[PDB]
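Notes follow the structure.
All Cβ positions, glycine included, derive from the backbone under ideal geometry; neighbour counts span all protein chains shown. Values quoted throughout were computed directly from the atomic coordinates according to the rules given, and no laboratory measurement underlies them.
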Amino acid sequence: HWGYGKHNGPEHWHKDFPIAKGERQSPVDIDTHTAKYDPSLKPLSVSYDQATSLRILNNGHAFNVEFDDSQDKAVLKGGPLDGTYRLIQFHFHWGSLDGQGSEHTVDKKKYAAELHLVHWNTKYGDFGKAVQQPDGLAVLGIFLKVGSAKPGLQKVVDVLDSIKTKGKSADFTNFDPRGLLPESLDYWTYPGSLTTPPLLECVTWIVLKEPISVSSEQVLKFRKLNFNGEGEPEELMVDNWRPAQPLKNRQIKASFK
Ligand SMILES: CCN[C@H]1C[C@H](C)S(=O)(=O)c2sc(S(N)(=O)=O)cc21
Ligand SMILES: [Zn+2]
C-alpha cells in the first residue's frame, strides 16, 4: 500500500492513516535558536554491552537490524525518560543524493541519512502494548554526513547484497551497536510519532547533536537496495524519508548550552 513514490508517498498517507495530520507528528525541523536548554534533563545512559543482534531484514521500506529484547540486555535510560527502554531494532532513512536523506533537519539543514535506534518501555510488557501508549517508545536519532568511513558500519554494509529485495533476511549475530554512536551524547528531545505508518503518537524522540561520518562508498551501497520483491520490476530504495511536519504546540528541549 503505502510507500515513498509519487502515488503512495507521504502526501497520500493521511487517507489511510488520518493521524498523519495529528498534533504530535514527526519528524520536525530543529530550530537551534528556539530550542530551550533544560538543566533538569539528565544525561543519557546507553547500556549496549550485552546487546544480542539476531537478524537483518529488508522489509520493503528500509532494512532493519533486530535484537533479542526478551530480557534487559541492551537498554536506554536517563535523559528525559522515566524507566527502562529496551532496544528492539535499528534502521536508516537515506537519500538518492548526499544533500538529502535525513528525516529531522537542523535549522533546515538535511543530512545524507538518519539512523533510528528504536526502544520500548518495559513497563508495558511487550512491544505491541507499548506502541499504544504516549510514552511507549524512545527513538534515538543520529545524523549521518558523508566524509570519513565509519568502521563499525562496514559489517552492515557488507551484508546488504544478501537482502537486496523485499522480504529477504539474513542471520546477523554479534553486531555491536556501540560502533554506531558519536563521541558526544548531547541531544535535543521532543514528544512525537513514528515517521512511517501507522504514524502512532507514542515516541519520545532523542536526537543527537553530533553526527557520525560515513564514506560515500558506504552510503552508495544503501542506495543499491530495492523496494520491490525478487522477480518484480526494480525500484531502487532511495529517499525513504518523510518531510518535516508542523511543530504545533510542542517545545524542543536541549540537554546542552
Ligand atoms: C515500516 C514500519 N515501521 C514502523 C513500525 C514498526 C513496527 S516500529 O518499530 O514501531 C517503527 S519505528 C519507526 S521510526 N521511523 O519512527 O523510527 C517506524 C516504525
Ligand atoms: Zn525510522
| Among residues other than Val106 whose Cβ falls under 13 Å from its Cβ, what is the net charge (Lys/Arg +1, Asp/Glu -1)? | -2
| Ordering of 12-19, 141-148 by packing [mean C-beta count within 10 Å, highest first] | 141-148, 12-19
| field | Cα→Cβ-extended label distance, 7 Å offset, between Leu220 and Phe256, nm | value | 3.1 nm
| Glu11 versus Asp49, label points 7 Å from Cα toward the beta carbon: distance in nm? | 5.1 nm
| message | What distance in nm lies between label points placed 7 Å from Cα along the C-beta direction at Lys73 and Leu236? | response | 3.6 nm
| Rounded to the nearest 20 Debye, what is the dipole magnitude of the chain about its Cα centre when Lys and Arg each give +1 and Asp and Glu each give -1 at the C-beta? | 500 debye
| To the nearest Å, what is the center-to-center distance of segment 12-43 and segment 151-214, using C-alpha atoms only? | 19 Å
| said: I need the shape label for segment 119-205. Rule: rounded when a/c is under 1.5, else prolate if a/b > b/c, else oblate, with a, b, c from the alpha carbon gyration tensor. | reply: oblate
| query | By a straight-distance test (C-alpha under 19 Å), which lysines pair with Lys42 as possible cross-link partners, with residues fewer than eight away in the same chain excluded? | reply | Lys77, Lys209, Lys253, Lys257
| Of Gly136, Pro177, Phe256, farthest towards positive along the dipole that unit charges on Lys, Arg, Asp, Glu beta carbons give the chain | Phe256
| said: Below 15 angstrom from the Cβ of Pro18, what's the summed charge of the other residues (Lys, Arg +1; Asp, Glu -1)? | reply: -1
| remark: Ordering 192-199, 249-256 by per-residue average of other C-beta atoms within 10 angstrom, highest first, gives 192-199, 249-256
| note | Per the helix-only model, the chain has a calculated mean residue ellipticity at 222 nm (DSSP H runs of ≥4, -39500 (n - 2.57) each, divided over all residues, rounded to the nearest 500) of -1500 deg cm²/dmol
